[PDB]
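See below for the structure under consideration.
FYI the Cβ positions are ideal-geometry reconstructions off the backbone, even for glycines, and counts take in every protein chain you see. Every number in this text was worked out from the coordinates using simple rules, so none of it is lab data.
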Ligand SMILES: [Zn+2]
Ligand SMILES: [Zn+2]
Ligand SMILES: [Zn+2]
């Protein structure tokens, strides 16, 4: 729930999750920003921040060792 | 710990809030873990981390299963090849790690694997280099790299027909014309001390090497259009700069014909070191 | 946390240290080395084994 | 002791005959064979397959190679960068060098083009592809020779 | 046809059941021998061939005393300078002029003379004037006689 | 004695390209990209900066009639009697201004993006060539410091004029195509030379 | 004395670093490929001359503070003997108490040294008029030294650490106006006893 | 007496090494090319004086420790003949007990000695004001000496090894304040008898 804010402050360089986590977070993040604007509380990030978060989002599944 | 016998630890206690307890055992607490050299049995009510346990059965498992906060590793000692192995198998069954007892070794190779005979392993033929502080384990592409390095240095050390008596048809202009031209081309910065020095260096390695040097400095590259002479200092026009470069070529090529003593005695009036 | 302590496991609850260090043992002869391009090098043909806490390079005799 | 190295490429430094070498002294049964970099690559593959197990080039003459390379360097098909990359892939091995020249000469079925630099000067399409095939054949025929002769051929066109 | 191996065969490894070592050297040919000599041999032969190619006015008698006293005090004429000047004087008189011209030779690219710089706060024209004074003083000394050149240079460099 | 400390902050208003100078990095990248960016081993982006300021002031001061030499023509020897030879250097006497490399404030994976460029035939309107090159995004912040050793008066003014020239023309490469349009911000201070001595 | 100050310096490059080759054989056997070699050891590490940078830093700084430090940078200058730079780094009579090591790298020249291509661009053609190659040390490369003051005075760490900030803002060696040689220093000082090997 | 401790020292250069040529003929015939030639044999191997380094190391450390040792380094300063450095290395009366050989290299000049450019750079205008050529022994050259103590009064090997640790930290040879001369010794002692050669 705080990945696009780290993308905003440019503190994160890769965002690894499962593919289902990527596709679900492309619903949760948009819904969080929709709620933040509709509840009239200064938005924690923006839709641009969500899109840039999915620009730096790599996906890997279960039992697949990445060497980083 | 160092399993010399008689163990060791780092103070170099040869076997730090130490406390003894009846083995019916030394509890060496350090900031890097609280060791417990159990000794021989035939227990601290606190934090253990490493249990150096002398195996020489069920009684050892009983001893282990009364220490609060079960140990991270249990170094097994004072037993034969089978005894420390069978106790080890039993302790692995109780979900406790066993351990049956300089320059860093930095492996710089791939990570492909296998699951061979319960021993995750990978076949590697390679090289082991020993830098002062480390012993790197690198693959054959590194060896190909250093081979290309040594080949592309070793073929640049004998240029052939060098330091050897052979052979020409080089031009001709008098000793006073060579002196005048070298004077003019040293005042304008075309013939320099570095140029004269390198010409003498490639002249000692034969007349042919000096011809190759001079045709390498006079080659107008067909792409860029730049000879490798130092450009003249002044306000000469382009045709005049071309004529000055041609005069430099002809003067140095004519000086190649003269014997080595004359070339030296001409070229130490303009660059004293060769 | 109390029940995990009862099962003999250390608990650090978020209100509060062994130096684990995976090492790489060499386990192959290093006496006969050579120098070619200012590198103390040696060709080997062996097996890289991945144990827990320890990655061992082990010669063909091990295999 | 036995020399398994071609004794060609012998220069003349001072009153001596020399050849710059870089190789392996294998010893076996007092033969003490001074081999090359090509024996060891084979012997390395032998051990690599042993560990991992238990778990036709056209002959153009030297003058033809030099003439075709000189023409193809002047119509700007063989560039200095091309000659350097062919030298790198020849250093990596003969099979890699055939693979590189095949990669460069391959007419992509979709675009209809090859990775050679186009001929400078006015030609026809048939002449242009003939010059491309000459580049392919000349460099493939260069793979056939040894490393020292390929170096001596290519150093007079890209130092 | 006889092959001689002049590489040390001690530091030899073992791979593929074969003893081997990567060697980096030169194959040399003679009228009776084909030898394998290391880079050190090529260094010896190269330096041997390069060495083979290489083997082919008027002032007073007291004005000079006061001048050399001043230039010794301000550290531009020193015992080293006087020693080299006497060594070139023993080699003759034109060689002393040659040495003194080489020391006074201002390099046109840097504007420097091989004299020692003076001690104290001097302007650049004053330093150039002291350079000229050293040149003229020793050039005037090349016109005196040997015993006299000894008697003036002693009190400054007593060793030579 | 004092020293000028001109801190410059540069925000890219356009895609930026500076080609990688290191041959090993260029060879390693040139199996994927055809045009790598100049990248630090700390994964930051390094633009050259002294040559741009020197070329900017040389081109500008040659138009004002001021006696400035050319250090851009082939093997030209700098004069030593010009303002550009004072602030950037001559053969003897180094330049008084130590100009630092423009290092990014952010990493390669946040500001550098692979891009696809084309060559379109003029009569069939079809892509004849395709080349991938890396480019620095619009918004990336690059910080450099200029350290003038013996500060004169017009040094800050001429450095700022050179920065306005680079703001117009550009930094890096591919400048004819619209790459390298950047904005510079300047904060200068006169620090003491003995300010590290306690 | 009975004590010796040992300053263990760890330097990390923040910019490409170039310090050029001094060994004429090695320079003439590397200017066949790279026009600007870096000075390297024969153990294939990288040397950087450190003492003269420290002496230059303290000389420039302490001539500006107003102390009586002499200049040993002007041609054939005699070090006086009566300043702090002459006490620490050496006069003609006395030797300097600070024995500055070189900045030898921790890594070898295949992990730290890269060959770059620099240019000279014509101003009215906006194109290359010269091309040269150069060797350089990467960013984030680690070099180590040890200054060893033999008769330790009090203001002898605070001077060697004040010079080490001057060699952070200016540069350590080579093309320091183009942007090279920007580094960071880390000091772990210690005052050992002189007889620490006897015991 | 009846035995002789035979210390066998092997030294590797961890930094460039310089010890100057002592021979006036060899020096003056080298000033044509190199301003600072190194000490070399007529067998083209490099000599380093070793005894004085060992004696300086032990005298400095033993004065520091609190033991009573003479200073045979000052002008018009005689040895004592009662100190332990006067027993190990000698006095104006009794001879020394350790016969410290020279540190002779295992290679020739053409493989360890390189000419090197050295500079003096002006502090203001940051440009070279002087240039000179020195010779230097490369890093990784191995030198070998042989200390031989007659009448081996125990504590000899410990004192010699402590002095070698001092020389390892400080340096052997010249230009020891610039980073030159940093070494690494390797002792291999023994106690072979005096009568050993008698067949
Ligand atoms: Zn100028
Ligand atoms: Zn002073
Ligand atoms: Zn004594």
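Based on what the data block shows, is residue G:81 surrounded by fewer than 23 Cβ atoms within 10 Å (Cβ to Cβ), more than 8 Å from chain H (Cβ to nearest Cβ), more than 16 Å from ligand 3 (Cβ to nearest atom) and outside any helix (DSSP H, G or I)? Give the steps one after another, and end with the answer.
On the way: surrounded by fewer than 23 Cβ atoms within 10 Å (Cβ to Cβ): yes; more than 8 Å from chain H (Cβ to nearest Cβ): yes; more than 16 Å from ligand 3 (Cβ to nearest atom): yes; outside any helix (DSSP H, G or I): yes.
Spelling it out, residue G:81 is indeed surrounded by fewer than 23 Cβ atoms within 10 Å (Cβ to Cβ), more than 8 Å from chain H (Cβ to nearest Cβ), more than 16 Å from ligand 3 (Cβ to nearest atom) and outside any helix (DSSP H, G or I).
Would you confirm whether or not the stretch B:227-248 contains a residue that is closer than 20 Å to residue G:28 by Cα and surrounded by fewer than 16 Cβ atoms within 10 Å (Cβ to Cβ)? Before the answer, list the steps.
Of the stretch B:227-248, the ones closer than 20 Å to residue G:28 by Cα are B:228-230.
From the residues that got through so far, the ones that are surrounded by fewer than 16 Cβ atoms within 10 Å (Cβ to Cβ) too are B:228.
For the stretch B:227-248, residues closer than 20 Å to residue G:28 by Cα and surrounded by fewer than 16 Cβ atoms within 10 Å (Cβ to Cβ): present.
In the stretch G:44-67, what residues are part of a loop (DSSP other than H, G, I, E, B) and under 20 Å from the mean Cα position of the chain (by Cα)? Steps first, please.
Looking only at the stretch G:44-67, we keep the residues that are part of a loop (DSSP other than H, G, I, E, B), and these are G:44-45, G:47-50, G:66-67.
Answer for the stretch G:44-67, where residues must be part of a loop (DSSP other than H, G, I, E, B) and under 20 Å from the mean Cα position of the chain (by Cα): G:44, G:45, G:47, G:48, G:49, G:50.
Can you find a residue that is more than 16 Å from ligand 3 (Cβ to nearest atom), closer than 23 Å to residue F:25 by Cα and assigned to a loop (DSSP other than H, G, I, E, B) anywhere in the stretch F:78-100?
Our first condition is that a residue be more than 16 Å from ligand 3 (Cβ to nearest atom); within the stretch F:78-100, this holds for F:78-100.
Applying the additional criterion that residues be closer than 23 Å to residue F:25 by Cα yields F:100.
Subset that is assigned to a loop (DSSP other than H, G, I, E, B): F:100.
Looking through the stretch F:78-100, at least one residue is more than 16 Å from ligand 3 (Cβ to nearest atom), closer than 23 Å to residue F:25 by Cα and assigned to a loop (DSSP other than H, G, I, E, B).
Only one of G:143, G:132, G:89 is surrounded by fewer than 16 Cβ atoms within 10 Å (Cβ to Cβ) and closer than 27 Å to residue G:182 by Cα. Can you tell me which?
Values: G:143 fails: surrounded by fewer than 16 Cβ atoms within 10 Å (Cβ to Cβ); G:89 fails: surrounded by fewer than 16 Cβ atoms within 10 Å (Cβ to Cβ).
On inspection, the qualifying residue turns out to be G:132.
Confirm whether residue G:102 is buried (at least 22 other Cβ atoms within 10 Å of the Cβ), more than 15 Å from ligand 2 (Cβ to nearest atom) and in a loop (DSSP other than H, G, I, E, B).
yes
Can you say whether residue E:17 is surrounded by fewer than 17 Cβ atoms within 10 Å (Cβ to Cβ) and within 14 Å of chain C (Cβ to nearest Cβ), as far as the supplied structure shows? Criteria met by residue E:17. Applying the set (1) within 11 Å of ligand 2 (Cβ to nearest atom); (2) touching a strand residue (DSSP E or B) at 6+ places or on another chain (Cβ under 6 Å) to residue G:91 leaves exactly one unmet item: (2). Of all the numbered requirements in (1) surrounded by 16 or more Cβ atoms within 10 Å (Cβ to Cβ); (2) more than 9 Å from every other protein chain (Cβ to nearest Cβ); (3) out of contact with any strand residue (DSSP E or B) (no Cβ under 7 Å at 6 or more places or on another chain), residue D:36 misses one, and that requirement is (3).
Restricting attention to the stretch F:86-97, the residues that are near ligand 1 (Cβ under 9 Å from one of its atoms) and within 15 Å of residue G:178 (Cβ to Cβ) total 3.
Being part of a helix (DSSP H, G or I), crowded, with 22+ Cβ neighbours inside 10 Å and under 19 Å from the mean Cα position of the chain (by Cα) narrows it down to one of F:46, F:57, F:61, so name that one. Write out each step before concluding.
On the way: F:46 fails: part of a helix (DSSP H, G or I); F:61 fails: crowded, with 22+ Cβ neighbours inside 10 Å.
Checking each option against the conditions leaves just F:57.
For the stretch F:24-41, a residue qualifies if it is crowded, with 16+ Cβ neighbours inside 10 Å and facing chain G (nearest Cβ under 8 Å), and the qualifying residues are F:25, F:40, F:41.
I'm checking my understanding of the structure. Among residues of the stretch G:113-126 that are more than 7 Å from chain F (Cβ to nearest Cβ) and over 33 Å from the mean Cα position of the chain (by Cα), which one is surrounded by the most Cβ atoms within 10 Å (Cβ to Cβ)? Give the steps one after another, and end with the answer.
Initial filter on the stretch G:113-126 (more than 7 Å from chain F (Cβ to nearest Cβ)): G:113, G:119, G:124-126.
Now restrict to residues that are over 33 Å from the mean Cα position of the chain (by Cα): G:124-126.
Values: G:124: 10, G:125: 10, G:126: 14.
That would be G:126.
Looking across H:56, H:129, H:105, one residue alone is within 16 Å of ligand 3 (Cβ to nearest atom) and either facing chain G (nearest Cβ under 8 Å) or touching a helix residue (DSSP H, G or I) at 6+ places or on another chain (Cβ under 9 Å) (or both). It is H:56. When residue F:161 is tested against (1) touching a helix residue (DSSP H, G or I) at 6+ places or on another chain (Cβ under 7 Å); (2) within 16 Å of residue F:47 (Cα to Cα); (3) surrounded by fewer than 20 Cβ atoms within 10 Å (Cβ to Cβ), exactly one condition is not met: (2).
Any idea how many residues of the stretch G:146-160 are in a helix (DSSP H, G or I), in contact with a strand residue (DSSP E or B) (Cβ under 8 Å, 6 or more places away or on another chain) and surrounded by 18 or more Cβ atoms within 10 Å (Cβ to Cβ)?
Of the stretch G:146-160, the ones in a helix (DSSP H, G or I) are G:157-160.
Still in the list and also in contact with a strand residue (DSSP E or B) (Cβ under 8 Å, 6 or more places away or on another chain): G:157, G:160.
Going one step further and asking which of them are surrounded by 18 or more Cβ atoms within 10 Å (Cβ to Cβ), we end up with G:160.
Selection size over the stretch G:146-160: 1.
Checked across the stretch G:33-50, the condition of being closer than 23 Å to residue G:157 by Cα, more than 7 Å from every other protein chain (Cβ to nearest Cβ), touching a helix residue (DSSP H, G or I) at 6+ places or on another chain (Cβ under 7 Å) and more than 9 Å from ligand 2 (Cβ to nearest atom) holds for no residue.
Here residue F:103 meets each of (1) more than 21 Å from residue G:124 (Cα to Cα); (2) in contact with a helix residue (DSSP H, G or I) (Cβ under 9 Å, 6 or more places away or on another chain); (3) within 11 Å of chain G (Cβ to nearest Cβ) with one exception, condition (2). The set of residues from the stretch A:18-41 being surrounded by 14 or more Cβ atoms within 10 Å (Cβ to Cβ) and in contact with a strand residue (DSSP E or B) (Cβ under 6 Å, 6 or more places away or on another chain) comprises just one member, A:22. Filter the stretch F:167-181 down to residues that are touching a helix residue (DSSP H, G or I) at 6+ places or on another chain (Cβ under 9 Å) and within 13 Å of another protein chain (Cβ to nearest Cβ) and give me whichever is nearest to residue F:37 (Cα to Cα). Checked the stretch F:167-181; the qualifying residue nearest to residue F:37 (Cα to Cα) is F:172. Scanning the stretch B:114-159 for residues that are under 16 Å from residue C:48 (Cα atoms), outside any strand (DSSP E or B) and more than 7 Å from every other protein chain (Cβ to nearest Cβ) returns B:115, B:117, B:118, B:139.
Evaluating residue A:44 against the criteria (1) within 10 Å of the chain's Cα centre (by Cα); (2) surrounded by 14 or more Cβ atoms within 10 Å (Cβ to Cβ) leaves one unmet condition, (1). The residue list F:188, F:157 contains one member that is in a strand (DSSP E or B) and on the phi < 0 side of the Ramachandran plot, which is F:188. Tell me whether the stretch G:68-75 contains one or more residues that are away from ligand 2 (no atom under 15 Å from the Cβ), in a loop (DSSP other than H, G, I, E, B) and either under 30 Å from residue C:36 (Cα atoms) or within 11 Å of chain H (Cβ to nearest Cβ) (or both). Yes: the stretch G:68-75 contains one or more residues that are away from ligand 2 (no atom under 15 Å from the Cβ), in a loop (DSSP other than H, G, I, E, B) and either under 30 Å from residue C:36 (Cα atoms) or within 11 Å of chain H (Cβ to nearest Cβ) (or both).
With E:26, E:85 as the choices, which residue is surrounded by 16 or more Cβ atoms within 10 Å (Cβ to Cβ) and within 27 Å of residue E:112 (Cβ to Cβ)? It would help to see each step written out before you state the result.
Working: E:26 fails: within 27 Å of residue E:112 (Cβ to Cβ).
Selected residue: E:85, the only one of E:26, E:85 that is surrounded by 16 or more Cβ atoms within 10 Å (Cβ to Cβ) and within 27 Å of residue E:112 (Cβ to Cβ).
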